[PDB]
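There is one chain below, alone, in structure tokens, taken in the form deposited in one PDB entry.
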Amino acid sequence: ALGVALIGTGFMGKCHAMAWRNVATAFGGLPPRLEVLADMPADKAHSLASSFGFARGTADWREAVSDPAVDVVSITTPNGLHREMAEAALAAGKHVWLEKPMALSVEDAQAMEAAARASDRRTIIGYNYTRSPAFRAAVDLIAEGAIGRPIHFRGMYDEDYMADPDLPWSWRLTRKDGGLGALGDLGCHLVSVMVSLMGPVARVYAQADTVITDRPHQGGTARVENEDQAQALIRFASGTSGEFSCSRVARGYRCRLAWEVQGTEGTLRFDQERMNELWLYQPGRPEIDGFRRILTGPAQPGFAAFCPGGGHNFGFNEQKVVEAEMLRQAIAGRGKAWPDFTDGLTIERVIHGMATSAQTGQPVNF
């Protein structure tokens, strides 16, 4: 069994834990051994290792990535910590499951990518919205020619977690430790999905905005630095056109990663807030012509490992189980995992390229 370390226990830390714990339940093989949990403070690491079923808990992550019983390290700590912990893991000869985005900057991502290439260990970044059965059915459909040649992509990713202007400031909202705003938190997820459907991005023209430029900082106010929303027009390497957006201030949306691929012979549309539906249009006779609602079931990739009956809604967390497995297969030498630090660095260059574009009012070519 694969020896597992986990660093962090928050939103993603718990998600990885629940995933590791059931990956063998779903897909077979041996359950991974949950060796070490790292979080701060110590008493919290001990508590959570107990209730997560980990063999021990530590307040010292370096110990976790060092442990001889570990082969793989889940890294679910804040973006400013990714580079250091990732690199230390790879140097200790461990495979790495790293949360997105890779780091704060393209330069950090590049350093990490070089580390990974040296190491010969397997890596994967936590672009979990590419794990849904519906998204994977969509990719297969386009490959099968269900919509002919793609002629346009339109995608968005709206959430409203920062829309309230009273929400307190933090260094996340600075360029340092924070990095990009909406592009770094959400943009990257959209790019991960978009390039899987349409191929590599050849060019972007973008614009960005900070809507809420000043926030309470225990007293007066602090200037928010990164962007609350960004949009971009795209040209892919195939030459086809695309539209792109992201926002952390789009009121009423909670997880609205929504995309569509219009093709010569059809159209596919999807909204993550209803992650179990794939809308497919193909030309038919006039009398019955129209979009089909394909409800996620065992006909789609990965679904049948969790449930034999269609229409039993596949959940967000279960995406993470599929991700664990893809890494599990890569480590077992049986299948390449996407995206690794090399694949992820391209995604980093895209979102940062869009940021550069926005600042300059000039298109950026990749």
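Superpose the two forms; the largest set of C-alphas matching within 1.5 Å is the rigid core. The first residue of the shown sequence is 1; numbering continues from there.
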Practice task
Output yes if residue 185 is unmodelled in at least a third of the other compared entries of this protein, no if it is modelled in all of them.
Solution key: no
Problem - residue 166 dropped in a third or more of the other entries - result: yes
Problem - Mean Cα B-factor comparison, 86 to 94 or 281 to 289, giving the higher one as deposited - result: 86 to 94
Practice task
Look up the CA B-factors in the entry and say which stretch, 102 to 110 or 252 to 260, has the higher mean.
Solution key: 102 to 110
Handout entry: 299, 307, 26, 337, ranked by C-alpha B-factor: the highest one
Key = 337
Handout entry: Residue with maximal Cα B-factor (values as given in the PDB entry) among 208, 212, 188, 233
Key = 212
Problem - Position of residue 73 among the chain's modelled residues by C-alpha B-factor, lowest, middle or highest third - result: middle
Practice task
Select lowest, middle or highest to describe the third in which the CA B-factor of residue 316 falls within its chain in this entry.
Solution key: lowest
Exercise for the section: Among all modelled residues of this chain, ranked by Cα B factor, put residue 123 in the bottom, middle or top third, i.e. lowest, middle or highest. Expected result: middle
Fill in the blank from the handout: Split the chain's modelled residues into thirds by Cα B-factor; residue 116 lands in the highest
Practice task
Could you say whether, by C-alpha temperature factor, residue 240 belongs to the lowest, middle or highest third of its chain?
Solution key: middle
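If you look for the form deposited in another entry, you will not find it shown, but the lines that follow are about it.
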Fill in the blank from the handout: Candidates 222, 156, 295, 141; compared between the shown form and the other one on the rigid core, the one with a C-alpha shift of 2 angstroms or more is 222
Exercise for the section: Look at residue 177 and decide if its Cα position differs by 2 Å or more between the shown form and the other one after superposing on the rigid core. Expected result: yes
